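Down below is the structure, laid out as structure tokens.
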Amino acid sequence: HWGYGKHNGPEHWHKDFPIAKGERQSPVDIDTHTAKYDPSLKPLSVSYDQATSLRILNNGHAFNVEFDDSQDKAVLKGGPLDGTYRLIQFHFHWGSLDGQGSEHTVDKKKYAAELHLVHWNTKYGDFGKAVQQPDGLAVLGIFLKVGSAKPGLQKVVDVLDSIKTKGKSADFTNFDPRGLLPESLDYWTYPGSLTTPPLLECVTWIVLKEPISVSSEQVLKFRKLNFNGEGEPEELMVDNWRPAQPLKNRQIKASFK
Ligand SMILES: CC(=O)Nc1cccc(CN)c1
Ligand SMILES: [Zn+2]
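One point on numbering: in my numbering, the residue at position 200 of the sequence shown is 287, and numbering is uninterrupted.
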């Protein structure tokens, strides 16, 4: 099964998922000097005040905080998007060391981790139908650097002990994802894909320019999770990131000058 090891990692994924070599794969390096300011891009509209988080799950590849997406409770619109995209889950990618972990890079710089808030386009009715469409998903990507602690992340950190191994979940209600955002909503955007198998080319990426700061202790606790299930040999959940892929025939646009 696919994973992040030498024998099943990103360089192997194309054998079962040929789209891994497709025309709009993610992540990419964001070359800041060649991205283009687009004054027709609108401000991002993040409406999370009514979000209903439900559960946190170790799926063997990351941990997902899942939301009730049966109504327009936590939605992303504006920016490059047409219509309304509902939040379904967020997760992170991170490194074994502070110098790596992000999927997108900025002028080749790697951050310690990257947060993905995954949303689906409500005009397709459900996530499963949305991922059959080229505009089915919108992912808000946020870089993490190590410095001061992020208070709004601590509730996530302190439940991880209860979902150490693949397949474990815990109730995770009343979590406010607004506490994971930076101050500015200035962003880059480009058309891409999910960064995990099945690597579907459905995503409008919206990558925020401003990182959030998290403490060394917070990201250290991410690294105590396990890829394996209970009762199996322990494999620390670290370096669960896909490296940058060829940009090919795509333009990265900036919302700011
Ligand atoms: C596997 C899967 O579909 N999970 C999921 C996560 C969060 C919400 C929902 C309901 N749309 C489903
Ligand atoms: Zn992701």
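Using N, Cα and C, we set each Cβ at its ideal position, and we do this for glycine too.
**Asked** By how many angstroms is the C-alpha of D156 removed from the C-alpha of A138?
**Response** So the two alpha carbons sit approximately 9 Å from each other.
**Request:** Let me know if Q219 comes out buried or exposed under the rule of 16 or more other beta-carbons within 10 Å of its beta-carbon.
**Result:** Taking a 10 Å sphere around the C-beta of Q219, we find fewer than 16 other C-beta atoms and assign the residue as exposed.
**Prompt:** Under the three-state reduction of DSSP, which class applies to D116: helix, strand or coil?
**Reply:** Three-state DSSP puts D116 in a strand.
**Message:** For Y172, count the other beta carbons within 10 Å of its own beta carbon; 16 or more makes it buried, fewer makes it exposed. Which is it?
**Reply:** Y172 comes out buried.
**Opposing strand residues paired with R173 [DSSP bridges]** = According to DSSP, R173 bridges with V162 and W207.
**Asked** Any heavy atom of ligand 2 closer than 7 Å to the Cβ of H180?
**Response** Yes, Cβ of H180 sits closer than 7 Å to a heavy atom of ligand 2.
**Request:** Would you identify the three-state DSSP class for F314, choosing helix, strand or coil?
**Result:** Coil at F314, not helix or strand.
**Item:** Collapsed DSSP secondary structure at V218 in the structure displayed
**Value:** Secondary structure of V218 (DSSP, three-state): coil.
**Message:** Let me check you understand the geometry: is the CB of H203 closer than 7 Å to at least one non-hydrogen atom of ligand 2?
**Reply:** Yes, Cβ of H203 sits closer than 7 Å to a heavy atom of ligand 2.
**Request:** Note down, one range per segment and in chain order, each alpha helix (DSSP H) of at least 4 residues found wholly within the segment 239-319.
**Result:** For the segment 239-319, whole alpha helix (DSSP H) runs of length 4 or above, ordered along the chain, are 241-244 and 303-309.
**Message:** On a Cα-Cα basis, can you pick out the residue from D103, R111, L307 and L295 that is closest to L204?
**Reply:** Looking at the Cα atoms, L295 is the closest of the given residues.
**Asked** Is there contact here, the segment 103-120 with the segment 135-150, by at least three beta-carbon pairs under 8 Å?
**Response** The answer is no - the segment 135-150 does not touch the segment 103-120, with fewer than three Cβ pairs under 8 Å.
**Request:** State the start and end residues of the unbroken beta strand (DSSP E) segment that holds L141.
**Result:** Per DSSP, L141 is one residue of the beta strand (DSSP E) stretching across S140 to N145.
**Request:** Using alpha carbons as the reference points, say which of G215, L247 and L267 lies closest to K237.
**Result:** Comparing alpha carbon positions, the residue from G215, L247 and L267 closest to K237 is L267.
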